[PDB]
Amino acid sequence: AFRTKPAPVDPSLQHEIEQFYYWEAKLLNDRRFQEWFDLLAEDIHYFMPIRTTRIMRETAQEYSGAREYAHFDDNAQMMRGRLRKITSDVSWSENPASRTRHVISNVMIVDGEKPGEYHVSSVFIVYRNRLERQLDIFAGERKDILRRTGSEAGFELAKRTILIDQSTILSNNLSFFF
């Protein structure tokens, strides 16, 4: 998948997928959550495994697996409920709202198995500031499957795996989206 170096892609494709991520970041950072949730595919799997500190010979166990506890591991129904909460005036974690920034780079694209689909690796810094002085800085990789669509966004998010560069979460909550 990203086992060997991705073949070169058309500059058109690189730019199209990059613009998709930059627009997605704008939706999240500007709290356009209705439009963000509309980017999610009906078959969305939104996954953020728990990461542990291991010695070398046991690094296969670094991430939680498929039937194991996780930070996020959601289908569309679960995510729809999260949208209902984060657009709510009695949602105390996000009212008042956090100020977030999603700085996206290192976009690498590989043709998926079905036409119109793409495997994408990219990296992020998420900077989250709230209330008076609270500041959490996150980084990680996002491994996505994007699927081309006729929405103004132009893709939908079929699959996301967030690989967070933290073991213990250095934040009191994870009340936003990666």
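In case it trips you up, residue 1 is the first one in the sequence shown, and so on.
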{"query": "Stretch with the higher entry mean CA B-factor, where the candidates are 86-94 and 99-107", "finding": "86-94"}
{"query": "Between 121-129 and 42-50 (mean CA B-factor, as deposited), the higher", "finding": "42-50"}
{"query": "Largest Cα B-factor, entry values, listed residues 135, 145, 28, 153", "finding": "153"}
{"query": "Top Cα B factor in the deposited entry, candidates 17, 169, 9, 162", "finding": "9"}
{"query": "Residue 141, C-alpha B-factor rank within chain (lowest, middle or highest third)", "finding": "lowest"}
